[PDB]
Amino acid sequence: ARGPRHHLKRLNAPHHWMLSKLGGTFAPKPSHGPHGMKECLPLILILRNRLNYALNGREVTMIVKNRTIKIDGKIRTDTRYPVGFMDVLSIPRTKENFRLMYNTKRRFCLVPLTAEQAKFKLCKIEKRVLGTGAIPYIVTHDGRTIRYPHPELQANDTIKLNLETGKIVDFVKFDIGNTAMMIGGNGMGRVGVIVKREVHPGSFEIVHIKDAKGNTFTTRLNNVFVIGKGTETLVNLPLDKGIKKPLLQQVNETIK
Amino acid sequence: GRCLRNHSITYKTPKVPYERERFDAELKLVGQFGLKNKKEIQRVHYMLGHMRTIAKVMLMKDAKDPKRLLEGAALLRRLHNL
Amino acid sequence: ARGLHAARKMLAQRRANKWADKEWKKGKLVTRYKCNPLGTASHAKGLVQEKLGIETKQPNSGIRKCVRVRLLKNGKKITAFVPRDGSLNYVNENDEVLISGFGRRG
Amino acid sequence: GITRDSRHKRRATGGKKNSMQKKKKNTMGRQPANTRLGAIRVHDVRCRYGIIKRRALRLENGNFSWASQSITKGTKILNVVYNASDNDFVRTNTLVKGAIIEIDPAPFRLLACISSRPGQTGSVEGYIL
RNA sequence: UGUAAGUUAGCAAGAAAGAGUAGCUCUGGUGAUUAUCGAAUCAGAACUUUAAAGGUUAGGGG
RNA sequence: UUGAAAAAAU
RNA sequence: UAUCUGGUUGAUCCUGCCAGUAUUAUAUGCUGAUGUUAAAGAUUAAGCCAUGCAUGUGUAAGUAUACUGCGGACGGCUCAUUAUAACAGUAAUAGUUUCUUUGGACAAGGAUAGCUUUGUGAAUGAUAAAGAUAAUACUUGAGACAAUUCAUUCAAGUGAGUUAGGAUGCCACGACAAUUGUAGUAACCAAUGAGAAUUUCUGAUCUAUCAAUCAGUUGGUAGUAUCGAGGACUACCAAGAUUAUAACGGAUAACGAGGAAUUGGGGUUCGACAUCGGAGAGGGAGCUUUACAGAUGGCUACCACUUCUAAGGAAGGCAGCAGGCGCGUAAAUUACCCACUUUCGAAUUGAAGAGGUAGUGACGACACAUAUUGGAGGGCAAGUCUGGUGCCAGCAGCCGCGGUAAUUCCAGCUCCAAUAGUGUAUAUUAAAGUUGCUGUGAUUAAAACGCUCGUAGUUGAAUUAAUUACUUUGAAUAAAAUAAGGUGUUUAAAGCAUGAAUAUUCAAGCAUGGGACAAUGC
RNA sequence: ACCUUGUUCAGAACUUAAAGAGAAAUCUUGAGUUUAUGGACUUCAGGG
RNA sequence: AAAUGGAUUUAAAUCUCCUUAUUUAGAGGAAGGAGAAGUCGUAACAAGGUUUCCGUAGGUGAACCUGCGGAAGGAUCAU
Ligand SMILES: NC[C@@H]1O[C@H](O[C@H]2[C@@H](O)[C@H](O[C@@H]3[C@@H](O)[C@H](N)C[C@H](N)[C@H]3O[C@H]3O[C@H](CO)[C@@H](O)[C@H](O)[C@H]3N)O[C@@H]2CO)[C@H](N)[C@@H](O)[C@@H]1O
């Protein structure tokens, strides 16, 4: 290769994009934006696979270009805009809204959002950096740069953001008495309560989280996304609540 | 590899080509079912071996094996309604 | 050389002891591409030069009709067995004749 | 041009490397610009990723420093006295980092060692022992 | 610096082949007596020119 | 004491 | 389907191999009713090419009584190179980093296009000069810091930082288009960036008729160079680095990985080619534009080729899609369209031999009308049928059948296996316990050094009430694929029309419960 | 000391075997403890 | 800021010495193998009519003969 890669082959796409293998040679490449390449779902697939509004991808351009879909506090006109984490998603022309969420079955699920709870969106602190001029600020999960935040914030907490005002509402610390929902690999799609965190000075920090029903699972620190403090749920969890069913009610249940 | 579309075979020719202990028994099934040729006899033989091995691999473990319960229940369930 | 940590002697022994077979060794020497008139080819095209008849071995009797064929890729000379009864007449001088091995491997 | 790759060297055991591909542009290299004495003459070379390097061939004025009194006033340099990298660099009067130079203390009173990269920064800076 | 075939293993061999050599100003190494004193010899560095064994003596090679 | 040989295949 | 059979002899028991056997992938003879799916110039030549197409782009938002901006650094093709090189898993960038995208003077100075004005050549995407003419082309201008360089200081989250930041002295670029509709710009910080590029550990075929190899070579100092670390280069210093645990060298008909053929367990063979990474555009070499090219459907020089010509000159790189010659045993149409998937653009529209459809197509795969191939002595199913030939023609993969009464030849009649299939030649695997760790033999079949000493290597008696290996768990771990969970494409091959937790990771690496067996010496 | 006899260690061998092995001859101070296949190490052989 | 002179860098292409692979060399020379009835001998298998074979040395148309030492796979497990 001489430079950047543009064409994404169908199979090289992440497996959680619901794509087929005989549909076509290429897959829509998500552009640069607020979330990663494999941590996203392109806006073209959302309106053609999950929503089934368009027969093919040509008609997606006849939708986004009309200034129809609103994401976060602004409104975009990019066909393949990168849609990743639980950032809100509003389509006023159809009077319906959704939310891109993980599920325990390793996919991207869309939980409907009402107009009352689409006014704010959660964000995750990635790092606290003392900028120039003695001006500290924190980089969020969506890559959002924000001005002077609460000085009590750390680099691994969570901030309750508002879209229109763009100000911090509430903060939940990363401690032992809180709850989190996973964004990782096997553990992603699982909610639970942090019970113990072991620190390894060598490479990684490992944390133990217990599910609501008592199930205990292990994951890395980089996978932790705190959803609340004290088993309280600050957003609408998916239909399955994010519990990890022990496959007893999947093979047998699907029979009937 | 050349094509993305998968493919498979169904019948495998018996190793010994000429036996009088296997020629007579082939017409006891061809004439009885009114079969056209000997392709079908090899095809069901593949089918029986398709699950005979599956039953044998998971029969060697304990009755408490999670994989034995998971695939075994599906294996018996699939083979009961058929 | 049964020891648990002696996995180099056993591997080296097999590498040494594998060269003594008459069959696989033919598959690693560069002689198929060099000395075999066919090479790795299934068939060889050639040109007819001489008509010859080889008498059979001691228990049998008779003359086997054959032709000396010169190839177009190597130029070597190989004796070819005319297939059927009275089929030596069909072949002519200076014509394309296909040559492809025999029953015994190579 | 001058390639800084490691495909033309040998291994740690003395074996000679065997080539697979031609030169790659990501192994750029430019001829050294020995900053000699003379009139102000600084060129601009276009590096990779579009950045611009102030390429200097000859300068006579350098912004000096002296920390015991915290005064930094530029002055003209007379000539290079001693170099720790090469001896033939003294006679050519080239300007390189860590080279002892002699100056006129005209604005320092009313032996300097260079501590910049004049071939890259485009300017000459130093301090006083 | 390098040097083949052959060989009686000694030789072939100065094999073949390639680089250097001036002038001036310097530096270092090689000793005796307890700092002085004495020898031509080797090595290295700047600078200059008309780029240096060739006035005489002075192997052509395979 | 001397004493060699017995055409190819059925 | 954890399988054998014929062949040394009058006969028997063995070693032993030949042939038989079944399957995958190449070619070919004969035959070839359909429907669905599908390989297809690689092997020998990364050989040479006539021709045609394959990269262009205009919204109300740059300039309008072509300039400017972006892209052609993606896509696509081939496998020549390449043996710790590349690649795969993994770890670092507290040693570097863009492009695109997402978060932070009521108006200046100019001439260069379009169109001409007069043309020059046989042409080359050929080129001359005279007149103006606009900028989101170029300078300015001002409406007000930021960020780099150097010498010095206050010094915290961090596994770890005289570090992010702050304060000095000081140099340098120096801004927020003089910006368009009746959005556009300069920089600076961060994310996209698990990205790109370097780099840590582990892992590769055969060969000793390759045993010693290296002199920028091994490291240090200081500079230079590069976006960035470093002998990457330079000047000085010391002689150091690898090596029987296979260094250095040699061959490949060697691009690597995911994987494929075949397997009772163990294994063997293949992988250019779906997808990822690498390299190349006849051969190296040198550069331009740009954010990324050592770009070749960009340029230049040389070596070897090709095309037109007015004999003065001009360009070209089909290892892109079709197609032509040669090469061969060996491989399709010089078709149509951007409708599906996707990419580019001045951005809802314009472009794509990417992509889709059609065409040839017994490489192959699935369901299926009612017709051939080979044989009829044994392995192996089938004739104790009739004419000729008389060790001659001949058949025979092997054992053999034929010297005038052929169970085998050339023929006439019949049935044996398979069926859109079937013989043939080569190669892979199983049989082969004929490569042997699981799994061989060494008195006589082939095979114990003439014997002893001995370094590397392997293997090393019992006993105890800090690492590494071993063992159990997790984490993360590309898809495709392997076996499938579910799902009546009418079944099936298919396909994913809820996406099985889908299990996969051999070799390495990270954290962890145990120390019986183990290696390291106080 | 020599000659007869008992116990025991080392050494060159021998007789029998209805047992073990082998294809058999034969071997038993192994050529036994081997399809019920693994005590440790070195060398050699792959039809003529 | 165009021609052009000069000095560096990377250096294509070419001439001379220096290894791996493929070939031409005539009949040439010396080997080996295969093909029913072709010559000369009796060497081997019985005590093969001189027991055979191994190492070494010499000789000779040919097998082979002879000298020194060894072996029984000898024709003696034995006085
Ligand atoms: N095979 C090479 C050697 O041949 C040697 O001998 C070879 C010849 O001297 C021997 O020849 C024999 C002969 O001995 C015997 N007394 C007469 C017989 N006719 C010959 O026969 C030979 O020649 C005739 C000539 O037409 C051919 O037909 C026949 O096929 C061939 N074997 O036959 C052998 C092959 O030609 C030795 N046997 C031996 O050193 C070795 O085997």
# chains A, B, ... in the order shown; residues from 1 in each chain; ligands from 1
>>> interface_residues(of="chain G", to="chain A", cutoff="10 Å", atoms="only C-alpha atoms (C1' of nucleotides)", output="PyMOL selection string")
chain G and resi 73-75+91+99-104+157+159-160+164-166+189-196+274-278+291-293+295+340-343+348+354-355+474-480+485-486+495-496+498-501+510-511
>>> residues_around(residues="residue G:515", least_positions_apart="2", cutoff="12 Å", atoms="only C-alpha atoms (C1' of nucleotides)", output="PyMOL selection string")
chain G and resi 469-471+513+517-518
>>> interface_residues(of="chain G", to="chain C", cutoff="12 Å", atoms="only C-alpha atoms (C1' of nucleotides)", output="ChimeraX atom specification")
/G:17-20,26-28,43-44,205-207,245-246,251-253,268-269,327-330,391-398,400-403,409-410,424-428,434-437,457-460,469,518-519
>>> residues_around(residues="residue C:79", least_positions_apart="2", cutoff="10 Å", atoms="only C-alpha atoms (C1' of nucleotides)", output="PyMOL selection string")
chain C and resi 48+50-54+66-70+77+81-82+99
>>> select_by_dssp(residues="chain B", states="helix (DSSP H, G or I)", output="number ranges by chain")
B: 20-33, 39-58, 66-80
>>> write_last_selection(atoms="N, CA and C atoms", output="compact mmCIF listing (two decimals), in the first residue's frame")
# COMPACT_ATOMS: atom_id res chain seq x y z
N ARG B 20 -19.72 -60.13 -4.18
CA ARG B 20 -21.01 -60.79 -4.32
C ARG B 20 -21.83 -60.73 -3.03
N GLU B 21 -21.21 -60.38 -1.91
CA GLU B 21 -21.92 -60.16 -0.66
C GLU B 21 -22.46 -58.75 -0.53
N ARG B 22 -22.12 -57.86 -1.47
CA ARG B 22 -22.69 -56.52 -1.53
C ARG B 22 -23.49 -56.25 -2.79
N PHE B 23 -23.32 -57.06 -3.84
CA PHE B 23 -24.14 -56.89 -5.03
C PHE B 23 -25.56 -57.42 -4.81
N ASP B 24 -25.69 -58.56 -4.13
CA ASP B 24 -27.01 -59.13 -3.89
C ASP B 24 -27.85 -58.23 -2.99
N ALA B 25 -27.25 -57.70 -1.93
CA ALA B 25 -28.00 -56.86 -0.99
C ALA B 25 -28.38 -55.52 -1.59
N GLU B 26 -27.71 -55.08 -2.65
CA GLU B 26 -28.04 -53.79 -3.25
C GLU B 26 -29.36 -53.86 -4.01
N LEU B 27 -29.65 -55.00 -4.64
CA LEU B 27 -30.92 -55.17 -5.33
C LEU B 27 -32.05 -55.57 -4.39
N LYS B 28 -31.74 -55.98 -3.16
CA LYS B 28 -32.78 -56.18 -2.16
C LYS B 28 -33.34 -54.85 -1.65
N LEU B 29 -32.62 -53.75 -1.88
CA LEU B 29 -33.12 -52.42 -1.58
C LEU B 29 -33.52 -51.64 -2.82
N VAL B 30 -32.83 -51.85 -3.95
CA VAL B 30 -33.20 -51.16 -5.18
C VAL B 30 -34.56 -51.63 -5.67
N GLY B 31 -34.76 -52.94 -5.73
CA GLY B 31 -36.04 -53.47 -6.17
C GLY B 31 -37.17 -53.17 -5.20
N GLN B 32 -36.87 -53.18 -3.90
CA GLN B 32 -37.90 -52.99 -2.90
C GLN B 32 -38.42 -51.56 -2.89
N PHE B 33 -37.52 -50.58 -2.89
CA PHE B 33 -37.92 -49.18 -2.92
C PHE B 33 -38.17 -48.67 -4.33
N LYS B 39 -26.88 -44.70 -6.54
CA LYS B 39 -26.47 -43.45 -5.91
C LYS B 39 -27.16 -43.26 -4.56
N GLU B 40 -28.45 -43.59 -4.48
CA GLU B 40 -29.21 -43.32 -3.26
C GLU B 40 -28.69 -44.13 -2.08
N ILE B 41 -28.30 -45.38 -2.33
CA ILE B 41 -27.81 -46.24 -1.25
C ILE B 41 -26.57 -45.63 -0.60
N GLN B 42 -25.68 -45.07 -1.41
CA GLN B 42 -24.51 -44.40 -0.86
C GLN B 42 -24.88 -43.11 -0.14
N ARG B 43 -25.96 -42.45 -0.57
CA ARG B 43 -26.31 -41.15 0.01
C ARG B 43 -26.87 -41.30 1.42
N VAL B 44 -27.76 -42.28 1.64
CA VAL B 44 -28.24 -42.53 2.99
C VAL B 44 -27.12 -43.05 3.87
N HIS B 45 -26.19 -43.82 3.30
CA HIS B 45 -25.05 -44.31 4.06
C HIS B 45 -24.20 -43.15 4.56
N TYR B 46 -24.06 -42.10 3.75
CA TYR B 46 -23.43 -40.87 4.24
C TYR B 46 -24.24 -40.26 5.37
N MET B 47 -25.57 -40.27 5.24
CA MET B 47 -26.42 -39.68 6.26
C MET B 47 -26.27 -40.41 7.59
N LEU B 48 -26.32 -41.74 7.58
CA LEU B 48 -26.19 -42.47 8.84
C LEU B 48 -24.84 -42.19 9.50
N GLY B 49 -23.76 -42.19 8.72
CA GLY B 49 -22.47 -41.83 9.26
C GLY B 49 -22.35 -40.37 9.64
N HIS B 50 -23.22 -39.51 9.08
CA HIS B 50 -23.19 -38.09 9.42
C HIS B 50 -23.51 -37.87 10.90
N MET B 51 -24.47 -38.62 11.44
CA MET B 51 -24.81 -38.54 12.85
C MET B 51 -24.22 -39.65 13.70
N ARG B 52 -23.81 -40.77 13.10
CA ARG B 52 -23.24 -41.86 13.90
C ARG B 52 -21.96 -41.43 14.59
N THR B 53 -21.11 -40.67 13.88
CA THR B 53 -19.92 -40.12 14.50
C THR B 53 -20.28 -39.09 15.57
N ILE B 54 -21.28 -38.25 15.30
CA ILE B 54 -21.67 -37.21 16.26
C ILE B 54 -22.13 -37.84 17.57
N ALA B 55 -22.88 -38.94 17.49
CA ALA B 55 -23.27 -39.64 18.70
C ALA B 55 -22.08 -40.26 19.41
N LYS B 56 -21.07 -40.70 18.65
CA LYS B 56 -19.94 -41.41 19.24
C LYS B 56 -18.96 -40.47 19.94
N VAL B 57 -18.75 -39.27 19.39
CA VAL B 57 -17.79 -38.34 20.00
C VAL B 57 -18.30 -37.87 21.36
N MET B 58 -19.58 -37.51 21.45
CA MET B 58 -20.15 -36.97 22.67
C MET B 58 -20.61 -38.05 23.64
N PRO B 66 -21.42 -30.00 29.70
CA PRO B 66 -22.32 -28.98 29.13
C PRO B 66 -22.49 -29.09 27.63
N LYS B 67 -21.44 -29.45 26.89
CA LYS B 67 -21.57 -29.62 25.45
C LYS B 67 -22.38 -30.86 25.11
N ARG B 68 -22.26 -31.92 25.91
CA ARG B 68 -23.06 -33.12 25.69
C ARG B 68 -24.55 -32.82 25.86
N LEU B 69 -24.90 -32.02 26.86
CA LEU B 69 -26.30 -31.66 27.06
C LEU B 69 -26.79 -30.71 25.97
N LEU B 70 -25.93 -29.79 25.53
CA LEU B 70 -26.36 -28.77 24.57
C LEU B 70 -26.60 -29.38 23.20
N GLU B 71 -25.57 -29.97 22.60
CA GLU B 71 -25.72 -30.55 21.27
C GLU B 71 -26.48 -31.87 21.32
N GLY B 72 -26.32 -32.64 22.40
CA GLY B 72 -27.02 -33.92 22.49
C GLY B 72 -28.52 -33.76 22.48
N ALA B 73 -29.03 -32.82 23.28
CA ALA B 73 -30.47 -32.57 23.28
C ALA B 73 -30.96 -32.14 21.91
N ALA B 74 -30.17 -31.31 21.22
CA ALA B 74 -30.52 -30.93 19.85
C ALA B 74 -30.37 -32.11 18.90
N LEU B 75 -29.39 -32.98 19.14
CA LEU B 75 -29.19 -34.13 18.27
C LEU B 75 -30.35 -35.11 18.39
N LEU B 76 -30.76 -35.43 19.62
CA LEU B 76 -31.92 -36.30 19.80
C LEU B 76 -33.20 -35.63 19.32
N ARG B 77 -33.36 -34.33 19.59
CA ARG B 77 -34.56 -33.62 19.16
C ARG B 77 -34.69 -33.59 17.65
N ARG B 78 -33.58 -33.32 16.95
CA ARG B 78 -33.63 -33.30 15.49
C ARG B 78 -33.99 -34.67 14.94
N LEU B 79 -33.47 -35.73 15.55
CA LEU B 79 -33.67 -37.08 15.05
C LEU B 79 -34.95 -37.73 15.55
N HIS B 80 -35.74 -37.05 16.38
CA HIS B 80 -37.00 -37.61 16.84
C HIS B 80 -38.16 -37.19 15.95
>>> atom_distance(atom1="atom CA of residue D:11", atom2="atom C1' of residue G:85")
11.1 Å
>>> residues_near_ligand(ligand="ligand 1", cutoff="10 Å", atoms="only C-alpha atoms (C1' of nucleotides) and all ligand atoms", output="PyMOL selection string")
(chain C and resi 57-58) or (chain F and resi 7-8) or (chain I and resi 32-40)
>>> write_last_selection(atoms="N, CA, C and O atoms (P, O5', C5', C4', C3', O3' and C1' of nucleotides)", output="PDB file, in the first residue's frame")
ATOM      1  N   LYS C  57      10.922 -60.931 -24.649  1.00  0.00           N
ATOM      2  CA  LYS C  57      11.913 -61.478 -23.733  1.00  0.00           C
ATOM      3  C   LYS C  57      12.018 -62.992 -23.920  1.00  0.00           C
ATOM      4  O   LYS C  57      11.464 -63.569 -24.859  1.00  0.00           O
ATOM      5  N   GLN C  58      12.753 -63.647 -23.022  1.00  0.00           N
ATOM      6  CA  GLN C  58      13.084 -65.059 -23.210  1.00  0.00           C
ATOM      7  C   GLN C  58      11.869 -65.977 -23.250  1.00  0.00           C
ATOM      8  O   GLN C  58      11.772 -66.784 -24.192  1.00  0.00           O
TER       9      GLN C  58
ATOM     10  P     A F   7      21.290 -79.242 -24.305  1.00  0.00           P
ATOM     11  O5'   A F   7      21.556 -78.104 -25.380  1.00  0.00           O
ATOM     12  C5'   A F   7      22.398 -77.005 -25.081  1.00  0.00           C
ATOM     13  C4'   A F   7      22.060 -75.826 -25.950  1.00  0.00           C
ATOM     14  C3'   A F   7      20.652 -75.281 -25.781  1.00  0.00           C
ATOM     15  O3'   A F   7      20.557 -74.363 -24.710  1.00  0.00           O
ATOM     16  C1'   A F   7      21.093 -75.617 -28.075  1.00  0.00           C
ATOM     17  P     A F   8      19.388 -74.514 -23.624  1.00  0.00           P
ATOM     18  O5'   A F   8      18.269 -73.506 -24.131  1.00  0.00           O
ATOM     19  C5'   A F   8      18.437 -72.103 -24.009  1.00  0.00           C
ATOM     20  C4'   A F   8      17.218 -71.379 -24.513  1.00  0.00           C
ATOM     21  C3'   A F   8      15.892 -71.919 -23.999  1.00  0.00           C
ATOM     22  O3'   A F   8      15.530 -71.374 -22.744  1.00  0.00           O
ATOM     23  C1'   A F   8      15.806 -71.757 -26.346  1.00  0.00           C
TER      24        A F   8
ATOM     25  P     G I  32      32.386 -52.671 -17.461  1.00  0.00           P
ATOM     26  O5'   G I  32      30.835 -52.477 -17.168  1.00  0.00           O
ATOM     27  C5'   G I  32      30.398 -51.916 -15.941  1.00  0.00           C
ATOM     28  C4'   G I  32      28.994 -51.382 -16.042  1.00  0.00           C
ATOM     29  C3'   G I  32      27.969 -52.308 -16.669  1.00  0.00           C
ATOM     30  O3'   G I  32      27.492 -53.293 -15.772  1.00  0.00           O
ATOM     31  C1'   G I  32      27.741 -50.147 -17.587  1.00  0.00           C
ATOM     32  P     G I  33      26.974 -54.708 -16.323  1.00  0.00           P
ATOM     33  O5'   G I  33      25.560 -54.370 -16.969  1.00  0.00           O
ATOM     34  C5'   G I  33      24.511 -53.842 -16.173  1.00  0.00           C
ATOM     35  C4'   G I  33      23.350 -53.382 -17.014  1.00  0.00           C
ATOM     36  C3'   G I  33      22.734 -54.426 -17.926  1.00  0.00           C
ATOM     37  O3'   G I  33      21.851 -55.299 -17.244  1.00  0.00           O
ATOM     38  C1'   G I  33      23.046 -52.420 -19.127  1.00  0.00           C
ATOM     39  P     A I  34      21.684 -56.822 -17.728  1.00  0.00           P
ATOM     40  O5'   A I  34      20.700 -56.716 -18.972  1.00  0.00           O
ATOM     41  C5'   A I  34      19.415 -56.136 -18.827  1.00  0.00           C
ATOM     42  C4'   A I  34      18.781 -55.861 -20.165  1.00  0.00           C
ATOM     43  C3'   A I  34      18.778 -57.015 -21.149  1.00  0.00           C
ATOM     44  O3'   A I  34      17.755 -57.961 -20.898  1.00  0.00           O
ATOM     45  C1'   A I  34      19.507 -55.065 -22.244  1.00  0.00           C
ATOM     46  P     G I  35      17.983 -59.507 -21.267  1.00  0.00           P
ATOM     47  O5'   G I  35      17.896 -59.535 -22.856  1.00  0.00           O
ATOM     48  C5'   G I  35      16.676 -59.249 -23.520  1.00  0.00           C
ATOM     49  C4'   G I  35      16.814 -59.375 -25.015  1.00  0.00           C
ATOM     50  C3'   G I  35      17.431 -60.667 -25.521  1.00  0.00           C
ATOM     51  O3'   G I  35      16.515 -61.749 -25.553  1.00  0.00           O
ATOM     52  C1'   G I  35      18.431 -58.834 -26.621  1.00  0.00           C
ATOM     53  P     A I  36      16.614 -62.921 -24.459  1.00  0.00           P
ATOM     54  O5'   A I  36      16.073 -64.209 -25.222  1.00  0.00           O
ATOM     55  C5'   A I  36      16.710 -64.660 -26.405  1.00  0.00           C
ATOM     56  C4'   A I  36      16.839 -66.162 -26.451  1.00  0.00           C
ATOM     57  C3'   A I  36      17.717 -66.686 -27.577  1.00  0.00           C
ATOM     58  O3'   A I  36      19.085 -66.728 -27.216  1.00  0.00           O
ATOM     59  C1'   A I  36      15.639 -67.800 -27.632  1.00  0.00           C
ATOM     60  P     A I  37      20.221 -66.549 -28.333  1.00  0.00           P
ATOM     61  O5'   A I  37      20.558 -68.041 -28.772  1.00  0.00           O
ATOM     62  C5'   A I  37      20.643 -69.082 -27.811  1.00  0.00           C
ATOM     63  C4'   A I  37      20.356 -70.422 -28.437  1.00  0.00           C
ATOM     64  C3'   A I  37      21.194 -70.770 -29.658  1.00  0.00           C
ATOM     65  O3'   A I  37      22.444 -71.351 -29.318  1.00  0.00           O
ATOM     66  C1'   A I  37      18.898 -71.185 -30.108  1.00  0.00           C
ATOM     67  P     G I  38      23.770 -70.462 -29.108  1.00  0.00           P
ATOM     68  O5'   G I  38      23.856 -69.538 -30.402  1.00  0.00           O
ATOM     69  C5'   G I  38      24.219 -70.084 -31.660  1.00  0.00           C
ATOM     70  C4'   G I  38      25.511 -69.501 -32.183  1.00  0.00           C
ATOM     71  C3'   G I  38      26.783 -69.966 -31.496  1.00  0.00           C
ATOM     72  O3'   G I  38      27.230 -71.219 -31.974  1.00  0.00           O
ATOM     73  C1'   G I  38      26.830 -67.620 -31.732  1.00  0.00           C
ATOM     74  P     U I  39      28.216 -72.115 -31.081  1.00  0.00           P
ATOM     75  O5'   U I  39      29.660 -71.551 -31.424  1.00  0.00           O
ATOM     76  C5'   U I  39      30.807 -72.184 -30.891  1.00  0.00           C
ATOM     77  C4'   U I  39      32.024 -71.304 -30.958  1.00  0.00           C
ATOM     78  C3'   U I  39      33.100 -71.631 -29.943  1.00  0.00           C
ATOM     79  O3'   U I  39      33.919 -72.703 -30.361  1.00  0.00           O
ATOM     80  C1'   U I  39      32.709 -69.302 -29.958  1.00  0.00           C
ATOM     81  P     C I  40      34.001 -74.040 -29.483  1.00  0.00           P
ATOM     82  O5'   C I  40      35.103 -73.697 -28.391  1.00  0.00           O
ATOM     83  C5'   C I  40      36.384 -73.234 -28.781  1.00  0.00           C
ATOM     84  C4'   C I  40      37.136 -72.668 -27.609  1.00  0.00           C
ATOM     85  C3'   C I  40      36.951 -73.399 -26.294  1.00  0.00           C
ATOM     86  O3'   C I  40      37.742 -74.570 -26.198  1.00  0.00           O
ATOM     87  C1'   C I  40      36.746 -71.074 -25.942  1.00  0.00           C
TER      88        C I  40
END
>>> residues_around(residues="residue E:27", least_positions_apart="4", cutoff="12 Å", atoms="only C-alpha atoms (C1' of nucleotides)", output="count of residues only")
4
>>> residues_around(residues="residue B:9", least_positions_apart="2", cutoff="8 Å", atoms="only C-alpha atoms (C1' of nucleotides)", output="MDAnalysis selection string")
(chainID B and resid 7 11) or (chainID G and resid 365 493)
